Amino acid sequence: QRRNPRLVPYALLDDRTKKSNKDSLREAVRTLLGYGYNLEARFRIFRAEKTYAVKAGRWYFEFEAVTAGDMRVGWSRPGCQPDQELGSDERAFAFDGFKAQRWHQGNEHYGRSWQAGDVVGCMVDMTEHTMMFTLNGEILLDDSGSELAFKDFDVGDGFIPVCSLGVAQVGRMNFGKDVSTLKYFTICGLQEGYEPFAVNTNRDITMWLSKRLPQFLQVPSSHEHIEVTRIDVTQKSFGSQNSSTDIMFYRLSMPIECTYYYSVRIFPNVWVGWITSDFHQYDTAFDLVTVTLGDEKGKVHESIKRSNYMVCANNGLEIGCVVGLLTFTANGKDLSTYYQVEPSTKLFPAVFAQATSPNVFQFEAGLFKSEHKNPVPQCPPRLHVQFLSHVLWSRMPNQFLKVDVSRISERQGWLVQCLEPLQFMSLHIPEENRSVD
Amino acid sequence: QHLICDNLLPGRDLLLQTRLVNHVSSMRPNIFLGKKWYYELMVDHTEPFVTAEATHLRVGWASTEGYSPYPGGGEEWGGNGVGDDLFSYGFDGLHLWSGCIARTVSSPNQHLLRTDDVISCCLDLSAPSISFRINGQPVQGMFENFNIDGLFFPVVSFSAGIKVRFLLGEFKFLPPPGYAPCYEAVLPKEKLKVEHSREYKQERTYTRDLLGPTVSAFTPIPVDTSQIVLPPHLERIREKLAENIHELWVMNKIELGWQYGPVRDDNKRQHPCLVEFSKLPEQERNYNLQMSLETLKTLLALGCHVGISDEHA
Amino acid sequence: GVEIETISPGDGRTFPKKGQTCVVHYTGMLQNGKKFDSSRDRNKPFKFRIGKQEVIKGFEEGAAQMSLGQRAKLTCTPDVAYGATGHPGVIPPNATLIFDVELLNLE
């Protein structure tokens with residue numbers, strides 16, 4: 001019911017004319033107990049640049065606690081990873097502002113919880129191997145009658161001011177330069193033999209928050225059980241038996257622009273496709289180009305493309321043959337889902353998969369490795385040391401874009417306007433295409 | 001020295017080729033969309049070149065479950081239409097973008113994005129279509145059958161000395177075609193505030209504020225209490241208290257003075273429903289005889305225990 | 001035959017004739033999008049005479065069919081461009097060129 005002006009759910013519409021329906025059963029309840037029937041009822045990491053990692057002296061900065069939840073503030077070694085979460089190893093030396101404890105390979109109580117609108121403060125001795133915090137001007141104490149919170153560490157490559165946030169929290173960190181906004185420095189600090197980060201700098205210290213979008217990386221020796229074995233046709237083996245092996249999206253490095261095919265070998269649920277140079281879709285599912293024609297009047301408006309992430313599913317030798325355009329073979333069967341549309345795009349060889357068995361995937365009418373490098377007679381195929389077997393990993397940190405835009409906003413017509421052009425300095429790796437400044 | 005320059009240089013493929021580009025920022029008017037909707041823009045500044053490169057200004061929609069908005073430094077050059085979660089348009093020589101690939105649609109003017117232009121974009125509700133127009137003239141709107149997930153909202157991006165005006169209400173010129181303006185998705189309680197398109201910055205000299213990720217359309221989920229069957233002891237007990245519940249629909253209507261009539265006309269004092277609960281059928285008192293049944297099953301099935309204790313009447 | 005896509009309209013009737021200098025601001029790139037030349041960069045408006053075989057023939061013929069204020073996105077054929085010899089260091093052998101040219105003044 002057409003042109004209905006109330007086409008919204010329960011969450012927003014006028015329930016006061018529905019309060020005649022609400023209070024109808026608020027007074028009809030009095031006909032029940034008068035009768036005798038009653039009723040009874042993600043986590044982001046924030047850190048400074050590794051080149052500021054001071055390895056000597058007595059240092060201090062503060063944190064303002066604004067809202068409720070995850071407030072973890074501390075100092076960590078430069079090898080701390082934002083792929084994981086804070087504290088759960090020997091690297092991070094942090095204090096839990098909520099739940100009244102401190103994180104270094106575990107949990108043990110320290111101090112209290114924050115308040116809304118706080119200033120925490122954290123102080124680190126680097127010459128001496130102690131580390132004493134504070135809170136709102138008050139030094140924080142342990143259960144064992146000690147303000148000397150973190151002791152007996154190892155002085156390696158210094159310690160960077162780190163942090164962590166949760167789901168709906170707002171944070172405020174001050175690395176010096178703002179002595180007028182030092183709310184508890186005058187009682188603790190200079191009178192305790194310490195220093196802020198205001199001691200020398202003339203620049204604004206760059207922050208390295210973690211990155212939401214997963215973009216892939218080299219396959220290291222860093223997994224419990226992931227080991228591509230480079231073998232000499234000229235496959236790439238595997239093994240992935242662990243306790244947590246849900247989904248890893250694999251891909252090779254080098255793409256094909258716009259004649260040869262490409263073979264896998266699997267026993268069983270396991271996909272085979274092609275990745276275009278933007279694939280940062282992490283999902284344990286199946287999901288996603290589709291733009292039409294335009295012929296100055298319409299009248300055809302059919303399609304452009306098919307590719308946007310190509311789909312397949314004793315030996316499953318499912319094969320992505322290329323050019324021309326794209327098709328698929330499967331153990332000899334030229335199956336359906338011809339993805340034969342690509343104008344001038346670059347396509348990564350790709351495998352998206354789970355892990356059930358070890359020694360499970362492989363790789364490679366002649367064969368393939370001509371079409372990448374510059375020499376292209378190259379009918380004998382040959383593997384190369386530049387061929388890597390990347391794994392899509394989650395969170396590698398980003399820079400902070402120290403000056404942004406001098407925009408202004410209006411309402412009477414909503415004028416939004418900037419007039420100060422800033423510029424990058426962007427370099428893009430040509431063969432693993434992505435733009436870094 | 002000539003020989004390295006002939007071989008290693010001009011391939012642009014072994015080395016790390018570089019450039020510099022302009023910073024891109026995107027803004028959205030805090031709207032969401034979980035018939036066909038319609039928003040406008042009037043671009044009031046041109047600046048084709050205030051750099052040693054061209055300037056850009058793109059208009060269009062987006063999604064929300066995917067592509068955290070990282071400015072320039074993430075995917076290629078940042079902005080609008082550069083990912084799969086972005087469907088954008090608009091240029092001098094108005095060729096559009098989707099997933100950082102430019103396609104070359106036409107219109108028989110090939111205008112700029114001047115000081116005196118209006119875009120005319122649209123988006124279909126419950127249909128996967130987006131069609132643009134320049135000054136009303138059709139640009140042969142394009143985007144058909146992309147993803148329907150998350151929520152759709154206009155995220156116009158810009159990198160120039162350019163000012164624009166959201167014609168969103170304070171409407172000045174817009175055709176109406178189809179049926180929806182975006183002044184109606186801001187109807188009940190939400191206001192018209194414009195942000196920096198998911199805002200991971202708070203550009204302050206002292207301390208940028210920090211943030212957590214996110215926490216998240218007229219087809220909700222109701223509650224269902226049909227398949228919890230009443231016992232026939234509490235079934236009459238409910239209809240004993242419903243015998244003294246339909247009289248409450250007389251009790252709030254014996255003050256209103258719309259007495260009995262064999263026809264049903266409430267606005268001229270005709271009302272065939274003054275007789276009580278069990279005596280009238282489920283025809284005209286169906287709004288007050290079937291009403292008491294399922295709405296009292298869940299009175300003792302949503303945990304609210306009312307055992308068979310005292311006398312319902 | 002070179003692909004001349006107009007971008008902005010100028011005035012159309014006052015076109016460059018044979019025997020004049022052409023004030024052009026131009027930015028050239030390869031087919032891949034990589035930028036190999038500019039004139040906004042060095043910040044001098046380019047100038048050349050039509051017909052004296054100074055600028056390449058694709059640039060010359062595409063600068064012929066424009067006017068004042070009109071800008072164009074020439075997509076020049078490599079055989080009218082530098083050709084299979086290309087240019088040793090800048091242009092690879094047989095690659096198409098995308099020029100964004102813009103006239104400013106004439107003679």
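Residues numbered from 1 in each chain as written, not as in the entry; some residues may be left out. Chains lettered and ligands numbered in written order. Part of a larger assembly, values for the part shown. Heavy atoms only, no water. Residues with missing side-chain atoms left out of burial classes, pairs and counts.

As documented in the archive entry, the model was determined using cryo-EM at 3.7 Å resolution.

Draft legend 1. Up close: the overall build of chain B. Each helix and strand in chain B was counted, giving five helices and 12 strands. C-alpha atoms of chain B, sized along the principal axes, occupy 105 × 45 × 45 Å. (Helix = DSSP H or I, 4+ residues; strand = E, 2+ residues; numbered from the N terminus.)

Draft legend 2. Structural view of helix α1 (residues 57–64) of chain C. By the burial criterion, the buried members of α1(C) are C:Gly58, C:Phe59, C:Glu60, C:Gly62 and C:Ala63. Residues of α1(C) that are buried sit in contact with β1 (3–8), β2 (23–29), β4 (71–76) and β5 (97–105) of chain C. (Buried < 20%, exposed > 50% of the residue type's maximum accessible area, 1.4 Å probe, protein only. Contact = heavy atoms within 4.5 Å.)

Draft legend 3. View of the pairing of strand β4 (residues 92–96) of chain A. Residues and elements named next belong to chain A. Among the five residues in β4, five count as buried, and that is most of the element. Bridge count between β4 and strand β5 (residues 101–103): three bridges; the pairing is antiparallel. Bridge assignment links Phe 95 to a residue of β5, and that residue is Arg 102. (Pairing = 2+ DSSP bridges.)

Draft legend 4. Expanded view of the pattern of salt bridges. Residue and element names in this part refer to chain A. Summed over all chains, the structure comprises 18 salt bridges over all chains. With a closest N to O distance of 3.9 Å, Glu 64 and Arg 172 form a salt bridge. Highlighted residues: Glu 64 in strand β2 (residues 58–65) and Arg 172 in strand β9 (residues 171–174), separated in sequence by 108 residues. (Salt bridge = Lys/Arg side-chain N within 4 Å of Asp/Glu carboxyl O.)

Draft legend 5. Broad picture of the interface of chain A and chain B. Between chain A and chain B, the residue contacts involve 83 residues of the former and 95 residues of the latter. Of all the secondary-structure elements, those providing two or more residues to the side of chain A that touches chain B are α3 (30–33), β9, β16 (415–417), β17 (427–429) and β18 (434–436) of chain A. For the side of chain A that touches chain B, the class distribution of residues is 37 nonpolar, 29 polar and 17 charged. Alignment of β16(A) against strand β12 (residues 163–165) of chain B, held across three bridges, turns out to be antiparallel. Within β12(B), the residue paired with A:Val416 across the bridge is B:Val164. (Nonpolar A, V, L, I, M, F, W, Y, C, P; charged D, E, K, R; others polar.)

Draft legend 6. Representation of the nonpolar core within the structure. Counting 51 residues, the largest nonpolar core has B:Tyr39, B:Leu41, B:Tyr89, B:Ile130 and B:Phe143 as the members making the most contacts within it. Apart from the residues within four sequence positions on either side, B:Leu41 is in contact with B:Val59, B:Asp117, B:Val118, B:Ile119, B:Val156, B:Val164, B:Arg165 and B:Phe166. If you look at the next biggest cluster of nonpolar residues, it comprises 38 residues, including A:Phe63, A:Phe133, A:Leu165 and A:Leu209. (Core = buried A, V, L, I, M, F, W, Y, C linked by side-chain atoms within 4.5 Å.)

Draft legend 7. Structural context of the sheet that holds strand β11 (residues 273–276) of chain A. Residue and element names in this part refer to chain A. On the basis of which strands lie adjacent, the open sheet formed by three strands has the order β10-β14-β11 and antiparallel pairing. For this open sheet the edge positions go to β10 (248–251) and β11, each flanked by a neighbour on one side alone. Neighbour-to-neighbour, the strand axes of the sheet open up by a mean angle of 45°, direction not taken into account. (Axes fitted to C-alpha atoms, helices over the stretch in contact; angles between N-to-C directions.)

Draft legend 8. View of the environment of A:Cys122. Residue and element names in this part refer to chain A. Turning to its location among the elements, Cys 122 is positioned in strand β7 (residues 122–125). We classify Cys 122 as buried; its relative accessible area is 1%. Each C-alpha atom, one on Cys 122 and one on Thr 229, is 47 Å from the other, the two residues being 107 residues apart in sequence. Not counting residues up to four positions away in its chain, the partners in contact with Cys 122 are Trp 59, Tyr 60, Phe 61, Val 73, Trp 75, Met 132 and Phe 133.

Draft legend 9. How the structure looks around the packing of aromatic side chains. For the structure shown, the criterion picks out 43 aromatic pairs over all chains. For the ring pair A:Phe133 and A:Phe150, a centre distance of 5.6 Å and an interplane angle of 75° mean the geometry is edge-to-face. Taken together, the residues A:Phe133 in the loop between β7 and β8 (160–164) and A:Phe150 in the loop between β7 and β8 connect sequence positions 17 residues apart. A:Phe150 shares its class with A:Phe133; the two are buried. With a centroid separation of 5.2 Å and an interplanar angle of 90°, the aromatic rings of C:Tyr26 and C:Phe59 are classed as edge-to-face. Of this pair, C:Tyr26 sits in strand β2 while C:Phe59 is found in helix α1, placing the two residues 33 residues apart along the sequence. Put simply, the rings of A:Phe93, A:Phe95, A:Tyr110, A:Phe133, A:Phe150, A:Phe153 and A:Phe159 touch in pairs and so form one group of aromatic residues. When the ring centre of B:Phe49 is taken as origin, the NZ or CZ atom of C:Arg40, which lies over that ring, is 3.4 Å away. (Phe/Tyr/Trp six-rings, centres within 6.5 Å; stacked < 30°, edge-to-face > 60°. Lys NZ or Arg CZ within 6 Å of the ring centre and 35° of its normal.)

Draft legend 10. Region of interest: the sheet that holds β7(A). Residues and elements named next belong to chain A. Across the sheet, three strands lie side by side as β7-β2-β9; this open sheet has antiparallel pairing. At either margin of the open sheet sits one strand with a lone partner, and together these are β7 and β9. Averaged over all pairs of adjacent strands, the angle between strand axes in this sheet comes to 20°, irrespective of strand direction. With four bridges joining them, β2 and β9 adopt antiparallel strand pairing. From the neighbouring strand, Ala 65 faces β9, where its bridge partner is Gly 171.

Draft legend 11. Region of the structure containing the interface of chain C and chain B. If you look at the interface, chain C gives 16 residues, while chain B gives 17 residues. Between chain C and chain B lies a buried interface of about 1,500 Å² when both sides are counted; carbon and sulfur atoms form 50% of it. Across the chain C-chain B interface, the total number found is zero salt bridges. Between the two partners, chain C and chain B, sit one residue pair in polar contact. Counting only elements with at least two residues in the side of chain C that touches chain B, the list comes to β1 and β3 (35–37) of chain C. A per-element tally of the side of chain C that touches chain B places β1(C) first, with three residues. Of the residues assigned to the side of chain C that touches chain B, the class counts are six nonpolar, three polar and seven charged. (Buried area = accessible area lost by both parts, 1.4 Å probe. Polar contact = N/O pair within 3.5 Å; in protein donor to acceptor, adjacent residues only side chain to side chain.)

Draft legend 12. A nonpolar patch on the surface, seen in detail. All names here are of chain B. On the surface, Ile 4, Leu 8, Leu 9, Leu 14 and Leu 15 cluster together into a nonpolar patch covering about 460 Å² of accessible area. Counting through the fold element by element, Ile 4 comes out in helix α1 (residues 2–7). Classification of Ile 4 as exposed rests on a relative accessible area of 51%. (Patch = residues over 30% accessible without salt bridge, like charges linked within 9 Å, V, L, I, M, F, W, Y side chains within 5 Å. Areas by Shrake-Rupley, 256 points an atom, 1.4 Å probe, with all protein chains shown as cover.)

Draft legend 13. Broad picture of the pairing of strand β3 (residues 72–76) of chain A. All names here are of chain A. Burial runs high along β3: five of the five residues are buried. Covered by surrounding structure in β3 are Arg 72, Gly 74 and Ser 76 together with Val 73 and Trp 75, the residues of both alternating faces. As defined by bridge partners, β3 adjoins β4 across five bridges and the pair is classed as antiparallel. Along β4, the bridge assignment pairs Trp 75 with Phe 93.

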